[PDB]
Structure formats: C-alpha cells, structure tokens
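Step one of this worksheet: look at the structure below.
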Amino acid sequence: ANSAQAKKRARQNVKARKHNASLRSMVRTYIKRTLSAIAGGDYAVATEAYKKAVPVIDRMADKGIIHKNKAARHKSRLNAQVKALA
Amino acid sequence: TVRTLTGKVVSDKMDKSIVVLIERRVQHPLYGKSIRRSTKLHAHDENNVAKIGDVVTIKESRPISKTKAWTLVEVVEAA
Amino acid sequence: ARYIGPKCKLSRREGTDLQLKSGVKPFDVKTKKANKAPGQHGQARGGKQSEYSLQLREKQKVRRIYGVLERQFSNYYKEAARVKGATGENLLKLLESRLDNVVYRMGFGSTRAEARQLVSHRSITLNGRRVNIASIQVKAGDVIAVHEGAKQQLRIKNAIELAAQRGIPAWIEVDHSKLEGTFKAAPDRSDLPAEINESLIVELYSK
Amino acid sequence: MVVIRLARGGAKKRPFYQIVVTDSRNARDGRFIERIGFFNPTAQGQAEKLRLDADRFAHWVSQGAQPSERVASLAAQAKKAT
RNA sequence: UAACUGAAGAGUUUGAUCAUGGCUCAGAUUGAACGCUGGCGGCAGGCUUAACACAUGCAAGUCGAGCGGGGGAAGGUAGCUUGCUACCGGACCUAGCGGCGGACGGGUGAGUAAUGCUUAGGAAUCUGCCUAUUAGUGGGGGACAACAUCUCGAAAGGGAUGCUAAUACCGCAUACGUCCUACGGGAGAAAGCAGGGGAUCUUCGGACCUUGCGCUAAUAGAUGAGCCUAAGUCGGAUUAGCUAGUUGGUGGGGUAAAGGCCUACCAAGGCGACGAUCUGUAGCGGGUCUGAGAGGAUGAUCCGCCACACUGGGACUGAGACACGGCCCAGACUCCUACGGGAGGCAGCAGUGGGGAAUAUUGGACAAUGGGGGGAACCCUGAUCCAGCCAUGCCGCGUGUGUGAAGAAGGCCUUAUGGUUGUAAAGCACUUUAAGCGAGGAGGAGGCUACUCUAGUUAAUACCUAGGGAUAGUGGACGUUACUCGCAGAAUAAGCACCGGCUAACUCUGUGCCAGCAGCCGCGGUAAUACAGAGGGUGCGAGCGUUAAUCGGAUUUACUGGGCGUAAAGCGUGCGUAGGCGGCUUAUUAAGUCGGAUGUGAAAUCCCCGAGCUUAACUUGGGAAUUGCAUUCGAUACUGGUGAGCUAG
C-alpha cells in the first residue's frame, strides 16, 4: 500500500477477517450439530439440536455475517428434515 | 400476454422434456427470395403427454434446466 | 489573401472591361493593348477554345471583377446550389450582397478595391456598428453609413462624384449629403449585365 | 443518489448548460436519465437565458432527487420570473 | 412554410474497323507524412508504431460536533535578581483507534466470433447515500491500538510484556413491521454526539425541556446491478463428425436469486450440410467516408456497453470489487544495503529511453460545472476550466488605394526596329485593418457574511429551519481578457506547381538515345513547344506540390445491373439423394403477403426553419428523420398448409 489510509484499510481488513471468520465458523458448527442429530434419527434429540441452532443463525444473520435469506433457507430446510423424523 | 410458439415435436426420449422444431419464412436480405429457417427448442413437458410428430404449443418461462426455458401449453394435433 | 498587382492584363486576358479602375479614362485609352493577351504569344479574340477553356474563362472573369478567391467562390456556389431557386442567379445575388460591393455601388469608393480598403480600415458602419469584414452579407432593409472620421475624405468626394456619372441602382437608396444609404433588396438578374453567362459556371462546378 | 445538475457544452469561454437528472456517480457530460431544460449565462439579444420544466422538476424532487446549489438558485429565479 | 433534386466520360492492342477485355487518368476524403515557403486571429485536433521498459513530481482524502492520549502559543494569578520565574482556565494542532470515501472520476483495446454487442421481451433477485411512512434507541461486560518497559536493525522498519477510551466489539432485555412454522408457537436489534434554555431540583454539577445530526427493524418509491429468452452480428471443408457433467430426471448441497452451479444415483441422451468441432482474424453500437441509389470501406476525437491494469491463480473487507495508484500465492524483471535486512509496477497527468515517416509542457487554479469528507468554517480533486507548443484541419483577415505613357532604363524575342514585360515601374495624392505603443474596460459570480423584518418548531422572543427587504463588505486561474478610444508611419508582412495529348497556359538558348523526363500513350540519336536555364504565361495563394490509403468512375462479382457456338466460360453421358420449383376446380386456415392502432427506436450526429457569435467556422432552440423491432386488431387476390374433386402433364 502506498498511502497511509490504504495501509490502515489493510490493517482493519485483517482484523475484521479474523473476527468474521470466528463468527461464521460458529454457525457452521451449530448446523453440523443439527445435521448429526438428524442423521442419528431421534426426533427429540434433533428437535433440541435445532432449537439450539436457530438463535445462533439468527444472531449472525442480523450482524451481516450471513444473509438473512440464507438464514431463512437454513431454518426452513432443517425444520423440514427434522419433521421428516416424525 | 406471454410469448408462445407453435411447432412439431422431433424428440421425446428425454425424461419430462421434448424437442420441438420451429419453422419460419423470411426474405433474404439481399436477393429478396423467400427462404425458410429452423430452430430447435427444448421444452418442459411434465407428464410426457407429447410424442414424436405431434404439433404442440410452447410458452416462454423461467429456466427449468441448462437448456430448457420453454414449457408445454397444449397439444394442438396428435400423430 | 487578395490579388495585388496589374489589373489591365487581367482585363485584357478576359477581353472586356473589368471595372478595375476609376473610369476617368476609358479602357481603350488606358491600356491601348486590348484584343491582345498579355503574353508574347498573345493572340486575337477569335482564337478557338475548348468547352473547358470557355467555362474556366467565364468563371475567372466573374471572380476577377468581385475580387473573390477560389475557396470562397466555391463556397458561394455550394451555398447557392443548396438554396432553392436558380443556381446562377443565387450565386449572382450572393456576390452582389457583399458589403464591399454594396459600398462600391453606393459610390463611396471609386473601385471595389477602394471600397474594400474603406471597409477594412473601419471607415464603414453597418446598422450603427463599425465592421471590418468585406464579405459580410447585407440583408434587406439594411443601413450603411460613412463613419465620422471617415467623412471629409477627398477620395470619398471624388468617389461620389464619379458615381454620379453612373446610374444608381434601383435597390439602393443613397443620401450623398449625409453619406448614408439603405440596401433595400437583392438585385434581380435583369438588373445585372446580360453578358455574364452562368450556365457555364454551373456546369463547371457541377461536373 | 439522484441529482439535478448542469452538464456543460458549447464552446470555449462560452458555456451552455443542459439541466439534467442523473445518478451522481456518472460523468458530468455523460450518461443521464432525463433532460429538463437549459441555462445560458451569456445569452444576448433574442436568445433565451433560462428554460426550466417546473412539472418535471417537481416530479423528480418528489422522488428524492437532490438539486445542486446552482440548479436550486436557477429554479427559484425561474419561479420568481414566472 | 421547410426538412430534397438524382446517374457525364477519356487514353491505350490494328495498315483501317467493330467487339471483347484488362491497365491508366480526370472526383471526393484523411488523426496523415515528406519537399519548398511562411504574417495574424477564431474554433477544433495532436504516439495510428512497442498491451515495450520506465528516473522524478503530482493524480484519494476528509471528519476533534465519535474517542483517549500527546504537543506547542499566548493570556491571568502569584511571588520574587524586577520582568523573570512557578502555577491556573480558555484558544489552536494531530501520530493512533473509529466513520465515510477509496468499486466514482481517469487510461487502454491485449483478450474476446459470443458468457460480448444491437434490437425486442421476460421472472426467480439484491441495492450505501436520497424521498415517504411505521415502531424504537433499555441495561451490562470483556478487550485492543495509542501509551510505558525491554529487545533486533545505521536506518527503513520489526518482535515481546503491562495498562486504557469510544458512535470499536459481544451477551442480556424489549419487538408496529420482519424470519421460520407442523397454524399450536418459536427467533432475531440499536450509540451516542452537539446547539439553546423557562421553571424545578442538582446527592455539586448535572438532571430535565427542546431542536438537530446520528443508530435499529420494516414496507414502498427512485437509482444501480445480477439473471433468462428470441432474432441478427467476419473468413476457411486444402477442417465432417463433436460431446460423457456430456443431455434430461430425482434426493441433497449451494447462491441475493432461476439453473449441472455442485454432488450421489437413474436413463442414453444432446449438437451438426440451416456448417457442429477445429482453425485464422477481430472489441461492439450510435455513427464517419464514399456512392444517384443499392452497396462498399471504416469504428480516432464525442456518447452508450464490454473487457483489461507487469504475466498467471485466488480470496478478504464491504451495500457494492474478485478492486489501475488494496491483500495472499507463483513467475520474470528492476532498485537500496552496513549483507543484518528491505522495496516496486505510468495502458492516470507531465516527462525519459527505445521504436517509428510521424504526433506537444516534467505549466496555472480550484474562480466556474461536477465528485469525496464535514453541522459549518473549510480541505482534497493532473476530473474539469484554462494557459504553452505544432499551418494538422476548417473558417476569416492582411500584406495597401487612386492617379500616372510622345510607353523611362534593364531583361526576353525579333525581319533589328519594333514587340513584350506593361499602368507594369518611377513620379504625384491619399488611407491605417491587422501587428506595435498608451488609456479605458464588460461578462463568465450565482452567492456568502453583517443588519432588519415575517413565518414555523417549542415553555420560550433563546436555538434551528424556511422566506422578504435595503445597505455595506467579500469573492476570477485565464488576465496586460473580449471590446472601445488615441499615436506614428506604407511603414512590419508572397510563395508553390505547371505550360506534347488527356488538361488552362509557348518561345529562345544549352545538350545531342548523353545528361535527363515520365500517371498512361511516350520524349532525347543538331533547329527538342516533352531534358536544364531564361523570358512570358496559366492555376492556386499562407499556402503549393509529392507519397500513402478508402470509395467512385468499374454494368470490372452485374440484387438494382453481365455473360458461356467462334472472344474466358455447358461437366463425356445418364440415373438419382438433400434441396429449389411445380397442372385445373372448390371449401377452409391465415404462415408468407397487405393495412390500421399502440409501445419502442437514448442524447449527440445528418437535413429544415430560427437564435448568438462584427461575418464565417462554431455554439444552440424546436422540428423533421431514425427506412427498424415488438404486441394487438383486421383483409383473403396470390404463394404455402389441410379436406374434397378433375384429367390437358
């Protein structure tokens, strides 16, 4: 970077990248937990996992980490696959 | 209020899909003689009602697959 | 650029008086060499010419009297062709509408060169303002006057006296006492001399 | 944002402005949405100095277009004149 | 009113001739170059070649009214070596955190024959700042730069320990809208700062009231962008078969959003002689040049779209980038060095080297129009507005005007005395454009500040916002502006090509198939109007010629608009595939064909009538035009489709 403001932008970019990566990995982890419960096949266990996963997805969607359309898609599809377990 | 075309089916092998051949007659830009041109359109046909040789109508729609963006309306004439 | 030099050979080459001198002395007594081209190989008037020679010689005669060069004359022809009407009479009207020629026909200059110098040296006012362009197109109902410092010029007095010998055009109403005049309308073809043939010029420029 | 501003044309030392509605990111003399008048700060004789279409001006202002300072002053002057 | 009105031939094959057929010429045009020459102004244009390599300066900042530190000026109080010290409250500045901007503006045409462009439509999307409307903005916590200490390095810059503020960050609470839903329910935000103040209190320094700028959730509008379809968009068959995520489907994943976009299975499909695949070339359009038109050539300068940023592969931040002056990785190259360690990408502006026939200054200002930041004051802006250089183009002007013959001199020719240069020259009388010197002087500046008044908002006359008035200040880089008025004196200002025919303009010397000329036919071998000089003349004129290139003439690829017995040209002859075309009557359809309406066909450009430039170039108002495309409604003679019938093929 040639200018001072460009250097500052690069520094802020690195810091924001680390922070966002942490927040996004959290959502991925919760979705993986719900998927594991569904594959396990116990309806109550899958319901509990989904109930834990939904607030994290919504909180990170409100922060701009992921789009709210993506959050809605995840919630709807996971709820359908949980309901499939009857 | 939706663009539509009428053609003849030349293939029905694919699942829920047909290939309809559209024919048009235009004037040659320089020599003036009337010529005929052909275009092949893949169309969506949900219930596989169409067969080879019938005359069908197809209307424009949103993409269904990589090559299909038209959908069957009705079979005007049957083979 | 404007042609500077001998005018008598120019008149001799075309074979007619080009009105390039004041006129106190007639052409024959002024030159004594009419009917002879300026060259040593100069011949009589009866020499045959091609059609290209005749068309060219007519255009050069038309240009020389008004003092217009080839570029401006070609632009004049191109404008006349665009304007609806007779092309030749349109070109003649455009030539007769130049400010210097109007000043000359008003009798403020003994020659068109004198009129051009008067116009260029800011001695002439058009509609109340001092101009210095000889090619300004004069329109109907215009007013051309002599500037205050320009007045009391013996050249101007001699010019008006000499013009009195000639006939004042119909389209020009001039008060010599106040050194003022009004261009009223473009001259018609009948007012202009009939020795000028314009079909040759139109053919030459339209080939 | 959408702005109403002056695009320059004419000759050197003799500017002539078209009053245009455009996205502000576009180049000054480039892409525009709609032209609604002109301004000639050096008009002489019979030449018109300022023509503004008040209906289109009001319509575009009602949708969020922001006039520049010069255009706002010209609109006020035109309304005062008429 | 008007918007168009348009078509020419010549030379050359032969002892003549007619035809065929090439070659050549007369025109228009240019981002031109070269040769000779060169006064001024206005308006434009200016690396077409190496997307070759780049020294140096500038081209992206701004906000202290988001935040904590840290600096240096003054003032006042105190003391006293007495105008020096030590303290104290206000005014300024900014390295760091943070916000917004940096995705615009500017450059270039390498790649790209269709993921692009043009025309006309479509559905499954997101969209900062702006406008309208709705509901809110409660209460907590843990950190990290700065800073302090240590350490590495000449430095440039690196590394490590301990603190700290916020509109930085994260829980909790609440939710008109919003998301999911099995219709039962479940889930998810935010931040403060500033101006003014009546009453009241003030746990003592603010609360509270009010007005702005902010922040959160959401719905519309506007803007911008993403996606899809149809028809068009350069050659090659001495390139004929191409394709396995390939073509379609299902479950799942993925995206802002449709979709083989990805993945696992199922099936064997999909494209191609209407040119697939492969290959050469190329940014596309509005437009520009030429042409009577149809066509042909072209895609500088202006506008729209696309693509690229030393060469390739990626992602981050963000509303928006796979980002010219940002990051990571690989490659080539270049620079500094104390050898420890570092740095870079002019196809931004100016400029350098190189290449080339050839294309400019390492300039001024943000005054105007815009762009970024800010509440404002104001700061930034090689965009832009200007200036410099170049006859590169277009347009305009000047280099003087009149008179002047028993026709001076000199030159060129000669029948040797005339002719010509020529009114030309001299002489005589006048004028002062432009350039030069002096004086005056618009417009490009709308506004802003100060003063006063009016109206909203409030508890308020304060503050804020919107208006009115007169007056005064202040604000122009161009700039010694345009323009106007005076002074001096013809004073400062003409070249280039050509004269055998095509093609306007002719002789004399010099040379003798030599020297030379030449676009074609051809000239020159002792009287050369064709070579060189001179005189004379012709055409142009601050220009004149040559070379290069496009269209025309060329009906010389012939659609408009050509030919094939002997001039070039009928396959050696049949059969037959695709295709082209096809007898008569009738009903029907409405694809071709024709008509109407509607929408669209950006602006600029071309044309017409006006307007302003002293005229013109040029600028500009309004029209006309954009011959096209799409939708819809009609007509049925002809062609096509379908049904029926007939017999001349």
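Computed from heavy atoms alone, side chains included, the values below leave out hydrogens, waters and symmetry copies. In what follows, every chain begins at residue 1, and chains take the letters A, B, ... in the order their sequences are listed.
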Take the six-membered rings of bases E/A578 and E/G579, measure centre-to-centre distance and interplanar angle, and say whether these fall under 5.5 Å and 30° respectively. yes
So, is E/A173 syn or anti if syn means the angle is within 90° of 0? anti
What interatomic distance, in whole Å, is found between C1' of E/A442 and the corresponding atom of E/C428? 47 Å
Answer yes or no: side-chain N or O of C/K32 and base N or O of E/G407 forming a donor-acceptor pair under 3.5 Å. yes
Closest to the C/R13 side chain, choosing from E/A44, E/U538, E/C540: E/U538
Hunt down the Watson-Crick or G-U wobble partner of E/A160, both distances under 3.5 Å, from any strand shown, or write none. E/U149
Determine the interatomic distance between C1' on E/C303 and the same-named atom on E/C395; round to the nearest Å. 27 Å
With a 3.5 Å cut-off and no angle check, do the side chains of B/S38 and B/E23 form a donor-acceptor pair? yes
Is E/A273 on the north side or the south side, where north means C1'-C2'-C3'-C4' is positive? south
Using atom P of each nucleotide, how far apart are E/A292 and E/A617 to the nearest Å? 25 Å
With a 4.0 Å cut-off on heavy atoms, is A/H74 in touch with a base, just the backbone sugar-phosphate, or nothing at all? sugar-phosphate
Is there a Watson-Crick or G-U wobble partner for E/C385 with both distances under 3.5 Å, and if so, which one is it? E/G364
Given the rule in the side-chain hydrogen bond (donor to acceptor under 3.5 Å, both in side chains) test, do A/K15 and A/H19 qualify, once you have shown the distances and angles that lead to the verdict? CA-CA 6 Å; A/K15 160 181 316 143; A/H19 182 268; over 6 Å; no
I'd like the P distance from E/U108 over to E/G348, given in whole Å. 8 Å
Name the residue closer to the 5' end of RNA chain E, choosing between A/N2 and C/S120 according to the nucleotide with the nearest heavy atom. A/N2
Hey, can you check E/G479 for me, is the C1'-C2'-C3'-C4' torsion putting it north or south? south
Nucleotide forming a Watson-Crick or wobble pair with E/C428, both distances under 3.5 Å: E/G402
With both distances kept under 3.5 Å, what pairs with E/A28, Watson-Crick or G-U wobble? E/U550
Decide, applying a 5.5 Å centre-distance limit and a 30° plane-angle limit (both strict), whether C/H121 stacks on E/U432. no
Say we look at E/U423 and E/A408: how far apart would their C1' atoms be, to the nearest angstrom? 13 Å
Quick check on E/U457: from the sign of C1'-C2'-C3'-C4', north or south pucker? north
Does E/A416 have its sugar in the north or the south range once you look at the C1'-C2'-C3'-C4' torsion? south
Check whether any side-chain N or O of C/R63 sits under 4.0 Å from OP1 or OP2 of E/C540, and answer yes or no. yes
With the stacking criterion set to ring centres under 5.5 Å and planes under 30°, output yes or no for E/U420 and E/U421. yes
Pair present between E/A86 and E/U77, Watson-Crick or G-U, 3.5 Å cut-off: yes
Same-atom distance (P) from E/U631 to E/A231, integer angstrom: 13 Å
E/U229 -> Watson-Crick or G-U wobble partner, both distances under 3.5 Å, gives E/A120
Is there, by distance only and without an angle test, a donor paired with an acceptor across the side chain of A/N13 and the base of E/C316 below 3.5 Å? yes
Is there, by distance only and without an angle test, a donor paired with an acceptor across the side chain of C/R122 and the base of E/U433 below 3.5 Å? no
Return yes if the base of E/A558 and the side-chain atoms of B/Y31 contain a donor-acceptor N/O pair under 3.5 Å, otherwise no. no
If you sort sugars by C1'-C2'-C3'-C4', with positive as north and negative as south, where does E/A44 go? north
Spell out yes or no: do the side chain of C/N132 and the base of E/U614 have one donor N/O and one acceptor N/O closer than 3.5 Å? yes
Both distances below 3.5 Å, Watson-Crick or wobble geometry, any strand: find the nucleotide opposite E/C638. E/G592
Any salt bridge linking B/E60 with B/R3? Criterion: basic side-chain nitrogen under 4.0 Å from a carboxylate oxygen. no
Strand partner of E/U484, provided both Watson-Crick or wobble distances fall under 3.5 Å: E/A439
Considering only NZ, NE, NH1 and NH2 on the basic side and carboxylate oxygens on the acidic side, decide whether C/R63 and C/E70 come within less than 4.0 Å. yes
D/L74 atom CG is separated from E/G444 atom P, nearest whole Å, by 13 Å
I'd like to know whether B/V76 forms a side-chain contact (heavy atoms from CB on, under 4.5 Å) with B/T57, so could you lay out the CA-CA distance, the side-chain angles of the two residues, the decisive distance to 0.1 Å, and finally the verdict. CA-CA 7 Å; B/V76 191; B/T57 314; 3.2 Å; yes
Gap in Å between the two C1' atoms, one belonging to E/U243 and one to E/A554, rounded: 50 Å
Which part of the nucleic acid, if any, lies within contact of C/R64, taking any heavy atom under 4.0 Å across all strands shown: a base, the sugar-phosphate backbone alone, or nothing? sugar-phosphate
Please confirm whether the shortest side-chain N or O distance from D/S24 to OP1 or OP2 of E/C104 is below 4.0 Å. no
Counting only distance, no hydrogens or angles, is the base of E/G537 paired donor-acceptor with the side chain of C/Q40 under 3.5 Å? no
Pairing partner of E/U62, by Watson-Crick or G-U wobble and under 3.5 Å for both distances, is E/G99
Is there a donor N/O on one and an acceptor N/O on the other, under 3.5 Å, for the side chain of A/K8 and the base of E/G98? yes
From E/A222, E/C271, E/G101, nucleotide with atom closest to A/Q5 side chain: E/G101
Any ion pair linking A/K68 and A/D58 (charged N to carboxylate O, less than 4.0 Å)? no
Which whole-number value in Å describes the distance from A/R11 CZ to E/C316 P? 22 Å
Short side-chain N/O contact from C/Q117 to OP1 or OP2 of E/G402, under 4.0 Å: no
Please say whether more than 12 non-hydrogen atoms of neighbouring residues, nucleotides or ligands are located less than 6.0 Å from OH in C/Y76. yes
Contact class for D/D29 (heavy atom, under 4.0 Å): base, sugar-phosphate, or nothing? sugar-phosphate
Considering only E/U399, E/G407, E/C170, which nucleotide approaches the side chain of C/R2 most closely? E/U399
Tell me if E/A297 and E/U492 are paired here, counting Watson-Crick or G-U wobble when both donor-acceptor distances sit under 3.5 Å. no
For a quick test of reading the model: is some side-chain N or O of A/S76 closer than 4.0 Å to OP1 or OP2 of E/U181? yes
Taking 4.0 angstrom as the limit, do D/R31 and D/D23 come out as a salt bridge? no
So B/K68, base contact, sugar-phosphate only, or nothing? Heavy-atom distance under 4.0 Å. sugar-phosphate
Please evaluate residues C/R98 and C/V102 with respect to the criterion side-chain contact (heavy atoms from CB on, under 4.5 Å), reporting the C-alpha separation (whole Å), side-chain torsions for both, the decisive distance (0.1 Å), and the verdict. CA-CA 6 Å; C/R98 311 173 36 99; C/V102 181; over 6 Å; no
Does A/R77 contact E/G254 through a side-chain donor or acceptor facing the base, at a distance under 3.5 Å? yes
Can you find a donor-acceptor N/O pair under 3.5 angstrom joining the side chain of A/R9 to the base of E/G101? yes
Would you say E/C540 has OP1 or OP2 under 4.0 Å from some side-chain N or O of C/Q60? yes
Taking the purine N1 to pyrimidine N3 distance and the second Watson-Crick contact, or the two G-U wobble contacts, each under 3.5 Å, tell whether E/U586 pairs with E/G643. yes
What I want to check is whether an N or O donor and acceptor connect the side chain of A/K68 with the base of E/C179 at under 3.5 Å. no
Could you measure between the two P atoms, the one in E/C378 and the one in E/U369, and give it in whole Å? 16 Å
Closest-nucleotide 5' rank along RNA chain E - winner of A/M60 and C/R155: A/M60
